[PDB]
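Visitor: sharing an experimental structure here, sequence included.
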Amino acid sequence: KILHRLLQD
Amino acid sequence: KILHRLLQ
Amino acid sequence: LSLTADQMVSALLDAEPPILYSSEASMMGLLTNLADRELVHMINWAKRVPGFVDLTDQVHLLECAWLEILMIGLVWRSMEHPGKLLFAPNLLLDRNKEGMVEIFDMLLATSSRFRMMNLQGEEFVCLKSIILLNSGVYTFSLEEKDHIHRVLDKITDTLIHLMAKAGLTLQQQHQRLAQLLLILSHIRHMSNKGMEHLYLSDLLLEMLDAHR
Amino acid sequence: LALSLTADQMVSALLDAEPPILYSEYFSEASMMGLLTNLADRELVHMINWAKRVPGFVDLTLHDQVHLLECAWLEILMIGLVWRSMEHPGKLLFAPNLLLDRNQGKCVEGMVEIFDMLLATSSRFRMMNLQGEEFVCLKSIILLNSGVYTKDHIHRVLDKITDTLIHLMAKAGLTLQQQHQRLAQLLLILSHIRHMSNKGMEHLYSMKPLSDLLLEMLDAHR
Ligand SMILES: CC[C@@H](c1ccc(O)cc1)[C@H](c1ccccc1)c1ccc(O)cc1
Ligand SMILES: CC[C@@H](c1ccc(O)cc1)[C@H](c1ccccc1)c1ccc(O)cc1
């Protein structure tokens, strides 16, 4: 899930 | 509709 | 509409429906049969909810909130039975299930939430009444809508009455009020999800066809 | 951190974290959804950044942050739609250059029943004269609440927002009784926002050219 990446950056 | 009769 | 909040509670408590008794295909038959007989008691209970008979609208409110009212009743019955759901005194089921295994957990979660909050019966009957009047109020005419809000406001006052007469501070009253009503949002969720899987007497399908 | 702020500091943080009003490109069944999915996709990117600026959200586990966003994303989209459609009765303002009516909803099948509930919620916010400071509180509540039973820290943050809501109403002249009644009225609407989201989610899965993120969000409700 790309949502993990957005929430970390 | 069934709900009509029972309510009355 | 002109009842004291003590008289409000007394009216709702006295109007309470009784707790009825009752593989994969057999258990659905039990729940379907049980809910169908509960619906009969709910309708006559709804007639005893203050302000409900002052409407026409009654059919619509019940068609939208029937599964909600059934679920919050279930959750209320399962409150003192951790990890399990008390559909009937002779039907106590836990997690140990096709697709409603998720709904069970949400019901268990809701029941668990009622437990730690130490939900009172006086508060329960208020919430159940709120669900009835609120769930189908923006799907309507507006002459009755104004009256419904007045009844909703009255039940809100009754809720705050109970908490104040329990020793809770003014802030604790607001907080508990919010906590309670926020749970109704989850009940709407469980109802919609439960209504989804449902898609079997004539009445139970008349209610079921309304959410198609 | 969120626990240790004033009600005024809580409001100011929420108002400052507010996402901007995006525009769409410059109908039919495929074109309508295209503009909506494109708008929603760009809104979601801002929402994720808005979520991280909501007090007590970063203090949660990343997994929990994903869970809450996936459960509330359409609610948050809808309550934002409803809010900015207040000053346009009978119409839904998706974008400043995308104003739609009830008849225009008839292009996407099954979408007109959602539009009616959205307008009704909007006219309700109108009738209540919902304030912006109250709107940002409701939106934060939706974020933290909608997926909490699917926790101990979240319930304390929710209580903080409840304190903040009462604070706004007390600082507006409303009596104690009027504060409880308004608070209750606002939170009951959240039950309907949940209902609209569920019905909207249903029709989206019935249609599923959605983006990867928008499809990841929808698959969470599958
Ligand atoms: C949670 C169990 C209910 C249910 C509702 C929807 C489903 O897809 C699966 C189960 C069940 C139910 C309700 C309506 C129709 C079938 C099953 C029920 C709920 C409350 C109650 O007091 C008695 C039974
Ligand atoms: C109600 C409009 C939304 C919608 C949601 C579900 C549908 O089946 C049809 C339309 C919509 C939406 C969401 C996701 C995908 C498509 C459309 C949306 C909502 C608010 C907003 O600010 C931007 C778009």
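Guide: Arrived safely. Numbers count the residues shown, from 1 in each chain, chains lettered A, B, ... in the order given. Ligands and ions are numbered 1, 2, ... in the order given.

Visitor: look up how far residue D:187 lies from residue C:89.
Guide: As judged by Cβ to Cβ, to the nearest Å, residue C:89 and residue D:187 stand 33 Å apart. Backbone N, C-alpha and C define where each C-beta goes, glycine included.

Visitor: looking at the two, which one has more neighbours?
Guide: Neighbours were counted for residue C:89 and for residue D:187 using other Cβ atoms under 10 Å in any protein chain shown; residue D:187 has more, 22 against 11.

Visitor: helices along chain A, start to end?
Guide: Secondary structure of chain A, counting by DSSP state H: helices at A:3-6.

Visitor: just the closest residue of it to ligand 2, please.
Guide: residue A:3 (15.1 Å; Cβ to the nearest ligand atom).

Visitor: over to chain C?
Guide: Closest to ligand 2 within chain C is residue C:192: 14.1 Å, counting by Cβ to the nearest ligand atom.

Visitor: how close does the residue of chain A closest to ligand 2 get to residue D:174?
Guide: Counting by Cβ to Cβ, the separation of residue A:3 from residue D:174 is 39 Å.

Visitor: repeat for residue C:135
Guide: To residue D:174, residue C:135 is 26 Å away according to Cβ to Cβ.

Visitor: thought residue C:159 was touching residue C:125?
Guide: No: using Cβ atoms under 8 Å as the test, residue C:159 is too far from residue C:125 to be in contact (10.4 Å).

Visitor: in the chain, which residue is most central in space?
Guide: Looking at chain A here, since you left the chain open. residue A:5 (2.0 Å; Cα atoms, centre = their mean).

Visitor: wrong one, I was asking about chain C
Guide: The centroid of chain C falls nearest to residue C:69 when counting by Cα atoms, centre = their mean (2.8 Å).

Visitor: quick check: it touching residue C:41?
Guide: No: judged on Cβ under 8 Å, residue C:69 makes no contact with residue C:41 at a distance of 10.6 Å.

Visitor: phi, psi of residue C:5?
Guide: Per-residue torsions, residue C:5: phi -70, psi -30 (degrees, to the nearest 10).

Visitor: ok, it - contacts?
Guide: Contacts for residue C:5 (Cβ atoms under 8 Å, 6 or more residues apart in numbering or on different chains) come out as C:154, C:157, C:158, C:161, C:162.

Visitor: from chain D, how far out is it?
Guide: Using Cβ to the nearest Cβ, to the nearest Å, residue C:5 is found at 12 Å from chain D.

Visitor: how much space between the nearest residue to residue C:44 once chain neighbours are set aside and residue C:42?
Guide: Leaving aside its sequence neighbours, residue C:44 sits nearest to residue C:17 (Cβ to Cβ, 6 or more residues apart in numbering or on different chains; 7.9 Å). From residue C:17 across to residue C:42, the span is 6 Å (Cβ to Cβ).

Visitor: quick one: the helix ranked longest in chain C to chain centroid distance?
Guide: Ranked by residue count and defined by DSSP H, the top helix of chain C is helix C:170-197. Relative to its chain's centre, helix C:170-197 lies at 10 Å (Cα atoms, centre = their mean, to the nearest Å).

Visitor: give the next helix or strand downstream of it.
Guide: For helix C:170-197, the following helix or strand on the C-terminal side (DSSP states H and E) is helix C:202-208.

Visitor: just the strands in chain C please.
Guide: C:84-88, C:91-94 (DSSP state E).

Visitor: distance to chain A added to these, as CSV?
Guide: Shown next, in CSV, are these (distance: least, Cβ to the nearest Cβ, whole Å):
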stretch, distance to chain A
strand C:84-88, 32
strand C:91-94, 31
